[PDB]
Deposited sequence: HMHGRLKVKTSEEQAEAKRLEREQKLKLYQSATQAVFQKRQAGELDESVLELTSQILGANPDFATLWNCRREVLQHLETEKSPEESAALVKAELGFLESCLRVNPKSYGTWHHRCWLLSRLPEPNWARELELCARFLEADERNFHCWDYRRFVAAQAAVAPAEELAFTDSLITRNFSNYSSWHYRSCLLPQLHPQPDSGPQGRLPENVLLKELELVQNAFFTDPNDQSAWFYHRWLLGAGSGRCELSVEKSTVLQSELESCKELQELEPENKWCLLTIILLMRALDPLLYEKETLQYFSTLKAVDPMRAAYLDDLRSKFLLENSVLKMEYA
């Protein structure tokens, strides 16, 4: 268990919750061994799964009941049970939106239906992502729904844009963009025009909020996702040099910002390792003073880059 702060009637209330939970659990298992796959099981498990959605066996019992009732109920009665189940799932998700069991039961349920309302499931996603934009369960469910409904990469890309601009907490939405972009193109590395548009979007982000670590992580990826030094186009070379000078300006505004310093080093690598060897080494020293916890990593990176440089000088 996570997040339980340490600090009679509080002790008593849960003493009474337990005996109810225990008797309800007792009752469920008795019915199950008796082969009573009926509505009373759904009533009993609803009482338990509300507070304790990680009790996986009880989700399995709900599924066994639903399967069994479907064979011996009418189509209209079966439909009614399904809608009741969706209501129950939504109320469970309101209480605990980060349980594997609940999200999976919803997928199981939706995967059985002809015909599910996927537009509505996508809206449910957007609501939960408004509450917590990093809920990976919800992003996973959205990817499941999008595939089911065959929503196109372009639509999902448009969704990620609004999310990134309306506020921070963007790591999950940048991650989604990194999977969407290669699909839009794709290949058996991003095309330069795409790459240049993304760089513009990401540099907006980390100048708008320089503490936003997600934009810096995504930017490091973009830097490696191109056709390479040195088939640097005139436009890419100009863009990167421009990014270099904007990072130095930001370094002036935010002198304890480690991300800007690391990015300068990476840009110089992307531009011309040997021409910038002196400056690269100066930046490593500044960076280690600013981010001492990463000193071992930074020394190893610098060692890698120094080897690269020796290899470049020897190809003369």
field: Sequence ranges absent from the coordinates, based on the deposited chain and numbered from 1
entry: 1, 9 to 15, 197 to 202, 331
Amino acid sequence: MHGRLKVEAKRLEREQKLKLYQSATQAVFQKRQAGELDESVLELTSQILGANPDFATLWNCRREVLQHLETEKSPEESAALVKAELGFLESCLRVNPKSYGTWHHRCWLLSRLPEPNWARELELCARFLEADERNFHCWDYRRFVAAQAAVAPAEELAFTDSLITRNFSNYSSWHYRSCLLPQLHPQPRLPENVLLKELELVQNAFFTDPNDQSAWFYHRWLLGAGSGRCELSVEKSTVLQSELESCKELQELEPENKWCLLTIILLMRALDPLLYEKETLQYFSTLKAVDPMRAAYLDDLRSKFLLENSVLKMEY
From here on, numbers count along this sequence of modelled residues.
message: Is it the case that at least a third of the other compared entries omit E315, given both of its neighbours are modelled there?
response: no
message: I want to check something about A9: across the other compared entries that model its neighbours, is it left unbuilt in at least a third?
response: yes
Mean temperature factor over C-alpha atoms, higher-scoring stretch between 179 to 187 and 96 to 104: 179 to 187
- prompt: Mean C-alpha B-factor higher for 19 to 27, or for 296 to 304?
  reply: 19 to 27
- request: By the entry's C-alpha temperature factors, tell me which of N204, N193, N167, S172 sits highest.
  value: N167
- prompt: Based on the PDB record, which member of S237, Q213, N135, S227 exhibits the highest Cα temperature factor?
  reply: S227
query: For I264, does the deposited CA B-factor place it in the lowest, middle or highest third of the chain?
result: lowest
query: Among the chain's modelled residues, which third holds the C-alpha B-factor of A149?
result: highest
task: Sorting the chain's modelled residues by C-alpha B-factor, tell me whether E76 ends up in the lowest, middle or highest third.
output: highest
Assigned third (lowest, middle, highest) for the C-alpha B factor of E115: highest
task: Divide the modelled residues of the chain into thirds by Cα B-factor and specify which third, lowest, middle or highest, holds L199.
output: lowest
